[PDB]
Amino acid sequence: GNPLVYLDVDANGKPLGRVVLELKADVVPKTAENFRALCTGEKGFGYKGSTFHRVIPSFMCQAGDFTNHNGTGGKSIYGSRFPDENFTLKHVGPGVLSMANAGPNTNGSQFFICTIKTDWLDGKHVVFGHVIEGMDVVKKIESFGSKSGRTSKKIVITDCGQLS
Ligand SMILES: CSCC[C@H](NC(=O)NCc1ccc(N)cc1)C(=O)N1CCC[C@@H]1c1ccccc1SC
């Protein structure tokens with residue numbers, strides 16, 4: 001079946017717990033595979049040690065810029081960017097996992113987890129999974145954001161990987 005992956009997240013060096021994500025490889029296999037491999041680190045790079053750099057309460061928590069740590073960088077397992085696979089899955093509510101981008105066909109490694117239904121992103125950001133476990137951890141991360149997106153604590157993916 002679809003992969004299950006995890007992110008273990010700290011805030012100011014204290015563990016918050018684990019977010020477990022189902023990757024919908026049945027719908028978006030290329031996008032799911034990228035995220036899966038960036039969690040395991042098996043290509044020699046990935047999410048371990050990187051941050052949630054933009055967090056906006058009542059919107060989303062964004063992470064995955066493991067090269068510049070500020071929303072300008074990241075890279076995929078395929079190359080620096082890859083196309084929008086499809087827009088079949090929608091931003092239906094809290095817990096949706098979706099790709100950040102800089103316009104059409106600019107997926108890399110940055111991603112976000114929604115904390116509300118974000119329907120205006122449908123057709124613009126590729127949804128590729130959802131939170132299975134750890135929404136409490138996501139709500140803690142969210143609480144450390146601000147309207148500008150600047151975080152009030154240093155939020156780090158200390159470990160990540162594949163469960164199945
Ligand atoms: C269209 S305005 C830019 C959209 C923004 N983009 C980035 O943060 N882009 C930088 C970026 C993302 C991925 C790659 N590979 C390279 C650069 C982005 O992907 N997202 C995902 C949810 C949070 C943010 C966003 C989207 C729509 C409206 C507002 C916002 S943040 C105020």
# chains A, B, ... in the order shown; residues from 1 in each chain; ligands from 1
>>> residues_around(residues="residue 121 (chain A)", least_positions_apart="3", cutoff="10 Å", atoms="only C-alpha atoms", output="list in words")
residues 87, 90, 91, 98, 117, 118, 124, 125, 126 and 127 of chain A
>>> write_last_selection(atoms="C-alpha atoms", output="compact mmCIF listing (two decimals), in the first residue's frame")
# COMPACT_ATOMS: atom_id res chain seq x y z
CA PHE A 87 -4.44 18.31 -8.94
CA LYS A 90 -8.00 18.65 -2.83
CA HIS A 91 -7.12 20.81 0.18
CA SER A 98 0.79 19.57 -0.09
CA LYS A 117 -9.40 23.84 4.65
CA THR A 118 -7.37 25.85 2.10
CA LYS A 124 -2.25 25.47 -7.69
CA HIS A 125 -0.49 23.17 -5.16
CA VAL A 126 -0.20 19.41 -5.53
CA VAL A 127 -1.76 17.57 -2.58
>>> residues_near_ligand(ligand="ligand 1", cutoff="9 Å", atoms="only C-alpha atoms and all ligand atoms", output="ChimeraX atom specification")
/A:54-56,59-62,64-65,70-76,80-82,98-103,106-114,120-121,124-125,147-149
>>> residues_around(residues="region 10-13 of chain A", least_positions_apart="3", cutoff="6 Å", atoms="only C-alpha atoms", output="MDAnalysis selection string")
chainID A and resid 16 153:156
>>> select_by_dssp(residues="chain A", states="alpha helix (DSSP H)", output="tab-separated table (two decimals) with N, CA and C atoms, in the first residue's frame")
chain	number	residue	atom	x	y	z
A	29	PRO	N	2.18	9.21	-7.67
A	29	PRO	CA	3.34	8.37	-7.34
A	29	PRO	C	4.66	9.13	-7.37
A	30	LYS	N	4.85	10.05	-8.31
A	30	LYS	CA	6.15	10.73	-8.42
A	30	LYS	C	6.36	11.69	-7.25
A	31	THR	N	5.29	12.37	-6.87
A	31	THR	CA	5.37	13.33	-5.78
A	31	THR	C	5.54	12.59	-4.44
A	32	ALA	N	4.80	11.50	-4.26
A	32	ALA	CA	4.95	10.68	-3.07
A	32	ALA	C	6.36	10.12	-2.96
A	33	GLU	N	6.92	9.63	-4.07
A	33	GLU	CA	8.24	9.00	-4.02
A	33	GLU	C	9.31	10.02	-3.64
A	34	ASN	N	9.22	11.24	-4.18
A	34	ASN	CA	10.14	12.29	-3.80
A	34	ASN	C	10.13	12.50	-2.29
A	35	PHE	N	8.95	12.70	-1.72
A	35	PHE	CA	8.86	12.98	-0.30
A	35	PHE	C	9.37	11.80	0.53
A	36	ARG	N	8.99	10.58	0.14
A	36	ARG	CA	9.43	9.38	0.83
A	36	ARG	C	10.95	9.32	0.90
A	37	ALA	N	11.61	9.48	-0.24
A	37	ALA	CA	13.06	9.39	-0.29
A	37	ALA	C	13.74	10.54	0.46
A	38	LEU	N	13.13	11.73	0.48
A	38	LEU	CA	13.70	12.82	1.25
A	38	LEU	C	13.56	12.57	2.76
A	39	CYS	N	12.53	11.83	3.17
A	39	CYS	CA	12.42	11.42	4.57
A	39	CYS	C	13.47	10.37	4.94
A	40	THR	N	13.71	9.38	4.08
A	40	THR	CA	14.70	8.37	4.45
A	40	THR	C	16.12	8.91	4.33
A	135	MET	N	-1.59	15.18	14.81
A	135	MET	CA	-2.16	16.51	14.64
A	135	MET	C	-1.90	17.39	15.87
A	136	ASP	N	-1.81	16.80	17.07
A	136	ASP	CA	-1.46	17.59	18.25
A	136	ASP	C	-0.11	18.26	18.10
A	137	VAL	N	0.85	17.56	17.49
A	137	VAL	CA	2.17	18.12	17.23
A	137	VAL	C	2.05	19.25	16.21
A	138	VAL	N	1.27	19.04	15.16
A	138	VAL	CA	1.05	20.10	14.16
A	138	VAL	C	0.43	21.34	14.82
A	139	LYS	N	-0.54	21.16	15.73
A	139	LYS	CA	-1.16	22.30	16.39
A	139	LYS	C	-0.16	23.02	17.29
A	140	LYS	N	0.77	22.29	17.90
A	140	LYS	CA	1.83	22.95	18.67
A	140	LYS	C	2.69	23.78	17.74
A	141	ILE	N	3.11	23.21	16.61
A	141	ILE	CA	3.93	23.96	15.65
A	141	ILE	C	3.17	25.23	15.25
A	142	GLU	N	1.90	25.08	14.88
A	142	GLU	CA	1.07	26.19	14.46
A	142	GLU	C	1.06	27.32	15.49
A	143	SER	N	1.01	26.96	16.76
A	143	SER	CA	0.93	27.93	17.85
A	143	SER	C	2.21	28.75	17.99
>>> residues_around(residues="region 128-133 of chain A", least_positions_apart="3", cutoff="6 Å", atoms="only C-alpha atoms", output="ChimeraX atom specification")
/A:19-24,95-98
>>> closest_residue(among="A:150, A:123, A:157, A:8", to="residue 53 (chain A)", atoms="only C-alpha atoms")
A:150
>>> atom_distance(atom1="CA of residue 6 (chain A)", atom2="CA of residue 41 (chain A)")
12.3 Å
>>> select_by_dssp(residues="region 113-158 of chain A", states="strand (DSSP E)", output="number ranges by chain")
A: 113-114, 127-133, 155-158
>>> closest_residue(among="A:5, A:77, A:160, A:27", to="residue 49 (chain A)", atoms="only C-alpha atoms")
A:160
>>> closest_residue(among="A:26, A:48, A:68, A:134", to="residue 88 (chain A)", atoms="only C-alpha atoms")
A:26
